[PDB]
């Protein structure tokens, strides 16, 4: 047997048209937001991590100077640790804010990918799916490096 050659119905439900364009506009909009938010989040985690190991080194030094310092000095070292602590906190706060935003962008990108899949747009589907995949990979890795630094700060406490 051979397939039946056909064609006649336009397959024109307004809903069909709206749904297909919606899928395309949204996959693009989420692509944009995912890249943009992933960059901002990674950058904030990197800046936060810097604030962490800075405080870690401040502690390692203060610990090294235990005894060697005297009254005023021990106090001056501490004011620096106080200001450093505050910096790390502010960077942490910013990083958590952007982590939530990235979570939304990722969720929204997955929605679009699934929709493109449902509507048969495999190309847009796979691209977005591969993109989400990469972005998740990189953000997990930077977070892990970030945990390493946090552990060393703790150990230095």
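Positions refer to the first chain, counted from 1.
In this entry, 8-16 has the higher mean Cα B-factor, the comparison being between 132-140 and 8-16. Between the stretches 121-129 and 90-98, it is 121-129 that shows the larger average CA temperature factor. Taking the deposited Cα B-factors for 116, 66, 58, 34, the highest one is held by 66.
In the deposited entry, the Cα temperature factor of residue 53 sits in the middle third of values across the chain's modelled residues. Annotation for residue 70: C-alpha temperature factor in the highest third relative to the rest of the modelled chain, per the entry. The entry lists a Cα temperature factor for residue 77 that places it in the highest third of the chain's modelled residues. Placement of the Cα temperature factor of residue 156 within the chain: highest third of the modelled residues, per the deposited record.
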